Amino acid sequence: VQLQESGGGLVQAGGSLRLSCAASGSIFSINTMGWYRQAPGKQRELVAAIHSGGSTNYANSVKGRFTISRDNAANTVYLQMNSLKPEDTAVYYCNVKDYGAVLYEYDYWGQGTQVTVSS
């Protein structure tokens, strides 16, 4: 299983980016695809997550601005990031929580794609 990350980079404050993570490999039908970020000199934190069932969960910092969706067929998750601020600058990581073990979840992590918002 590989998590390929695209869509990051440099963008002016007030601008938009659209992150995409295409999960190529065997994942259980039931899973939770998500975006985590690690800002410089901070701990990794959940940005947004979407369950296979279609439930969503967002950090309060990114509510109203950021929208998480997944591809209808493929294991690909999209974070449309609008009204970006220099606070949002961080290494963003794709995550897949696979539920195939039933008694535990397995984690997969992306390498991580840099997002830098300038003022």
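Numbers for residues come from their place in the sequence shown, where the first is 1.
Of the two stretches examined, 65-73 and 26-34, the record assigns the greater average C-alpha temperature factor to 65-73. If you average the C-alpha B-factors over 47-55 and over 86-94, the higher value belongs to 86-94.
When the CA B factors of the chain's modelled residues are split into thirds, the value for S16 lands in the middle one. Per the PDB record, residue ranking by Cα B-factor puts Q2 in the highest third of the chain. When the modelled residues of the chain are ordered by their C-alpha B factor, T113 lands in the lowest third. The deposited CA B-factor of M81 belongs to the middle third of values across its chain.
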